[PDB]
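Data first, discussion second: the structure below is written as structure tokens.
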Amino acid sequence: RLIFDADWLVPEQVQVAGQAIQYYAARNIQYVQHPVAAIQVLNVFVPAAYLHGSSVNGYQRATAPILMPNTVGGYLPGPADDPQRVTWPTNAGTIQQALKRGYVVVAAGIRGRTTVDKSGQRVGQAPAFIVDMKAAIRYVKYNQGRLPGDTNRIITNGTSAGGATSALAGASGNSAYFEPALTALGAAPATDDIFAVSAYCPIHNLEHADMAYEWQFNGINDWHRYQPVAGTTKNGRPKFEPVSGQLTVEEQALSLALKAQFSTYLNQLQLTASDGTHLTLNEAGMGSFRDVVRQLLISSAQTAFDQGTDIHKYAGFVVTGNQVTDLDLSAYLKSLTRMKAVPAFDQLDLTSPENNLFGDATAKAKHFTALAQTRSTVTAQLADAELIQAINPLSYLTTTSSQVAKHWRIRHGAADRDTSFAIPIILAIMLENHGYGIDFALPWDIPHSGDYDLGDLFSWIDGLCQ
């Protein structure tokens, strides 16, 4: 069972800039013996050359990297992708380019917070998303040789909640916490540690995201965002409407308290500089850690400016000659604007996507922080601490309960306000602190999105594999 049959691969082609990309596809493959939702299937795409004993970009059937992208967003279900898919959500263009690059692609469907089983019961809440990702990885590795590509070169990719999925897969290789769930699903008898991690704006470290958000936006009392509404625009993308508001005095009080506590949290992480010096924040949110955030934004501006991009758009920067020499971070942030209210993730009334993510068999949603549980405005339960810890990529970096991928590439746009810049920065520094390879950046004027720099992503991948 769960044996991949190469006879399932059928010839296909997709046009890419007047150039035809030939490949083979094997679709809707069940990757566990006992699935609980229709979405639990995966698609396999292989450059045609690998069925001819030939090569592509230096790769061959036996050596080709296996890109495993997911379409998870908002911790909702993520259907198995396809290079010919055009319906939102999709990263079809990335698969097209990957195949052209010579990569094998296995796109697995992933359960989400809204997924229900055969009796109408919720079966997609935490930790379903990572369990499915692992099951798919195990299916791939179990089928080494049968499936084209090098199973020792699996590289996950994802955006937003999907970025957290990718990061978690890389950080929690062969963790025993997920064995019971994987066993129940009848997942393939193989490992799930991967080669590398690609993650765009990973929405992770949820239990500390509210504190990080306020450390960043406290003092900015108006918020602005677009909320999805009924109806869809081109290719299934939901329609959106602008919504804004002003923080109540109570929210402002909560904001200050959350920002204050971020100092304690950040300091106890014991993050360090290359020379071992401890990064910190004072009671007012100032300090060596704040300088790192400032410098990343300065570097972001410098990179864009160096390539001919005009950076006069946001406030706060100081330019001397051709160099960005300083930044009034508070000014930049006000210019950027606040997106979410307070708390930004663990809402007191349990109405956020994250609250729903932490619901379970009997609770539609739960709190995942002591603060929101204590100040809940509705009857509520606090999610299991062990579960919260288990889905936080960071938990595995300060311990030895898994096999962590050695290569990481993380991106978070400088215009992305879905979570504080501190969130991805913490992951990046912690990875460096524990000896793991990390390529990190805050791309100038890039919003909450991903897969916008394929040239660099693939160059990074080829660098690791060649």
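Naming works like this for the structure tokens: A, B, ... for the chains as they're shown, residue 1 at the start of each chain, ligands 1 onward in shown order.
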Compile the contact shell of residue A:441 as a list in words: residues with an atom at most 7 Å away, counting only C-alpha atoms, same-chain residues fewer than 6 positions apart removed.
-> residues 410, 411 and 412 of chain A
Which residues come within 6 Å of stretch 257-268 of chain A, counting only C-alpha atoms, excluding same-chain residues fewer than 4 positions away, as a short mmCIF file (atom, residue, chain, number, x, y, z; two decimals) with N, CA and C atoms, in the first residue's frame?
data_model
loop_
_atom_site.label_atom_id
_atom_site.label_comp_id
_atom_site.auth_asym_id
_atom_site.auth_seq_id
_atom_site.Cartn_x
_atom_site.Cartn_y
_atom_site.Cartn_z
N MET A 211 2.25 40.06 21.59
CA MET A 211 3.24 40.90 22.27
C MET A 211 4.16 41.55 21.23
N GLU A 214 2.41 44.47 19.34
CA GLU A 214 2.27 45.70 20.10
C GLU A 214 3.61 46.38 20.36
N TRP A 215 4.67 45.60 20.48
CA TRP A 215 5.97 46.20 20.67
C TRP A 215 6.20 47.06 19.42
N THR A 280 18.93 42.39 23.56
CA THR A 280 17.91 42.73 24.55
C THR A 280 17.04 43.93 24.20
N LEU A 281 16.05 44.18 25.05
CA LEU A 281 15.14 45.31 24.92
C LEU A 281 14.95 45.86 26.32
#
Name the closest residue to residue A:201 among the candidates A:315, A:98, A:423, A:46; distances are taken between atoms, counting only C-alpha atoms.
->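 Between A:315, A:98, A:423, A:46, the residue approaching residue A:201 most closely is A:423.
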Min atom-atom distance to residue A:104 from the set A:116, A:284, A:62, A:348, counting only C-alpha atoms, belongs to A:62
Enumerate, as a PyMOL selection string, the complete set of residues in stretch 102-193 of chain A that a backbone-based DSSP assignment places in helix (DSSP H, G or I).
-> chain A and resi 128-142+161-171+176-185
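Proximity of A:2, A:203, A:140, A:26 to residue A:419, computed with only C-alpha atoms, is greatest for A:203.
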Tell me, in Å to one decimal, how far atom CA of residue A:389 is from atom CA of residue A:256.
-> 25.3 Å
Nearby residues (only C-alpha atoms) at most 10 Å from stretch 309-311 of chain A, same-chain spacing under 6 positions excluded, as a list in words =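 Using only C-alpha atoms, the neighbours found are residues 301, 302, 303, 317, 324, 444 and 445 of chain A.
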Contacts of residue A:453 within 10 Å, only C-alpha atoms, excl. fewer than 5 positions in-chain, as a list in words =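 Result of the neighbour search: residues 94, 411, 443 and 458 of chain A.
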Restricting the calculation to only C-alpha atoms, which member of A:401, A:248, A:459, A:320 is positioned closest to residue A:193?
->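 The shortest atom-to-atom distance to residue A:193 comes from A:401.
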Strand (DSSP E) per DSSP on the backbone: members of stretch 88-193 of chain A, as number ranges by chain | A: 104-108, 154-157
Could you jot down the atom CA of residue A:418 to atom CA of residue A:160 separation for me, Å, one decimal place?
-> 8.7 Å
Selection: 10 Å around residue A:371, only C-alpha atoms, excl. self and same-chain fewer than 3 positions, as a PyMOL selection string | chain A and resi 210+254+257-258+343+346+348+367-368+374-376
Using C-alpha atoms, can you write the selected residues to a file as an mmCIF file, in the first residue's frame?
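The new file out_30.cif reads:
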data_model
loop_
_atom_site.group_PDB
_atom_site.id
_atom_site.type_symbol
_atom_site.label_atom_id
_atom_site.label_comp_id
_atom_site.auth_asym_id
_atom_site.auth_seq_id
_atom_site.Cartn_x
_atom_site.Cartn_y
_atom_site.Cartn_z
ATOM 1 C CA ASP A 210 0.375 39.604 20.126
ATOM 2 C CA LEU A 254 -3.768 46.253 26.506
ATOM 3 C CA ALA A 257 0.911 45.941 28.570
ATOM 4 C CA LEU A 258 1.597 43.589 25.653
ATOM 5 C CA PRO A 343 -4.959 41.628 20.488
ATOM 6 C CA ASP A 346 -5.661 35.889 20.193
ATOM 7 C CA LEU A 348 -10.795 38.194 23.338
ATOM 8 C CA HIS A 367 -7.380 31.134 23.316
ATOM 9 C CA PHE A 368 -3.664 30.340 23.160
ATOM 10 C CA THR A 374 -7.932 35.820 31.527
ATOM 11 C CA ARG A 375 -9.596 38.716 29.695
ATOM 12 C CA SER A 376 -11.842 36.629 27.438
#
Here atom CA of residue A:414 and atom CA of residue A:222 stand apart by 19.4 Å
May I ask which of the residues A:110, A:81, A:362, A:148 is the closest one to residue A:23, counting only C-alpha atoms?
->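 Counting only C-alpha atoms, the residue closest to residue A:23 is A:148.
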Would you mind listing what lies within 9 Å of stretch 461-463 of chain A as a PyMOL selection string, with only C-alpha atoms counted and same-chain residues fewer than 5 positions away left out?
-> chain A and resi 65+155+196+456
Using C-alpha atoms, can you write the selected residues to a file as a compact mmCIF listing (two decimals), in the first residue's frame?
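What ended up in selection_33.txt:
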# COMPACT_ATOMS: atom_id res chain seq x y z
CA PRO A 65 15.50 18.36 -5.92
CA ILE A 155 12.57 21.44 -0.01
CA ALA A 196 15.79 22.65 3.17
CA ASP A 456 16.83 34.15 -6.29
